[PDB]
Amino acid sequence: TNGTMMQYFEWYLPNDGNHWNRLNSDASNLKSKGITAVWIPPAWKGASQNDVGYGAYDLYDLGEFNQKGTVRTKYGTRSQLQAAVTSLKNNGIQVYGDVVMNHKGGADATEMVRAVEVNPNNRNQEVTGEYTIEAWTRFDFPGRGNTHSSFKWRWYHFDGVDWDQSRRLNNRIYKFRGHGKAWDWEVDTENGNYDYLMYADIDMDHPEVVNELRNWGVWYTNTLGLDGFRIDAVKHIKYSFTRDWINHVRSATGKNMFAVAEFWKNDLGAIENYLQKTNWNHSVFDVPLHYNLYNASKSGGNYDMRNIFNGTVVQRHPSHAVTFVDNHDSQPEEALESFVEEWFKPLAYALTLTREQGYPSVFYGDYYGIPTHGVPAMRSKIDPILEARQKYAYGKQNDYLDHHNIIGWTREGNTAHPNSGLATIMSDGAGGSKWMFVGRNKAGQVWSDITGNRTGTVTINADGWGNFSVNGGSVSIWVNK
């Protein structure tokens, strides 16, 4: 019954065009381990073959056309992708496609555009008069032609860029001039107006653009048979646009598409604003939780575990939180590097997978490892936790986040799941024990640690209490197995 999604990719995967095939053959395995949904990497053609996909060139080229010097994307061909999706569907796994609508990179040609420079630290302040720049805003898709879509992009479909091919100046942000041209609103306010991020910034004020992206969303959904979306860089996209784009796609497909937005800011208030402005119609990644987990793993035991959920989305708005430990941006060497340390990682996964609130996600990089950066596969430590979530994490939850090192919580289980119920106990410091209530109906049961970290057993007393133990800097998940 408990759902668990998996980000099926990491930044440094090899550019071998065999990822779709890997996913294909891993389908049955994932389902057996408790994975119920998979978030696939960008499926379209990037600025180059080895682009992870965020340098989004052509959203209609899913590794089907000869563009950018390659037919396949970094992950494989459209055929292989569709074969992987079918495999997932046949194994009862939902498929969430990534969605990049903030910008377009790898333009086919440049155009002469009138623009003014703006202050990178306050995009609402123009710092130069108007003049002509050479911007990469033209997309004709020579390898695709009009297949799937005849829509062509020009400078007027964008709000600006950060590169003038005619002068090649650094640290500049250009806001295009013209009828109705201005940064979109509402967007995040860091830097005054955070509409601009990278590449050619799409203008959500243009009717042709809104119409086109909505039509693409429908095409994308119907073509692959997607069950949901992972929406990229939403704090840089007109809030109402994303809200209405999701509503449009759900309506046009007659499907209640799941959606998780990436609003990257360690600030609950900003995320709450985003949720209210989008009418709570979709979920968001719990970025604050990720930082709490990260900071805890870097505090050498001095983090106050009692506050592990303070300021998080899962604590405040559990129904709209997608909890994750790490991702492709937080992994080593990447843009948002803040990788949760290996010793703490099992605790982090226990914190997201065994509690009743939030929609947890497993990171491919953590599960299978990141060989390029020395990160070992941790599936051996994650699998026992996934099994705990699948079979035992059910029923009423009792919290015991009452100590700076040792915290824990129990689940009383429900009749819908046999022998369900559990007692998670962890310590970011010295080991110990904690008495916790698991339910009077469990009296006499002899519980054991599904993680295997502790080898003994814990007998629930006549009143439903068990004295659970945990080793130092570790987590134990006691269950009636």
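Residues carry their position along the shown sequence, with the first being 1.
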*Read off the CA B-factors in the entry, average them over 88-96 and over 288-296, and name the higher stretch.*
88-96
*asked:* Highest mean C-alpha temperature factor of the two stretches 178-186 and 345-353, which is it?
replied: 178-186
_Criterion, highest CA B-factor; candidates, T242, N170, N102, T323_ = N170
_Which of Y131, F263, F158, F339 ranks first by CA B-factor in the deposited coordinates_ = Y131
*Within this chain's modelled residues, let me know which third the CA B factor of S474 belongs to: lowest, middle or highest.*
middle
*Taking the chain's C-alpha temperature factors as the reference, tell me which third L23 falls into: lowest, middle or highest.*
middle
*Can you tell me which third, lowest, middle or highest, the CA B-factor of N302 falls into for its chain?*
middle
*Among all modelled residues of this chain, ranked by Cα B factor, put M426 in the bottom, middle or top third, i.e. lowest, middle or highest.*
lowest
*Can you tell me which third, lowest, middle or highest, the CA B-factor of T73 falls into for its chain?*
middle
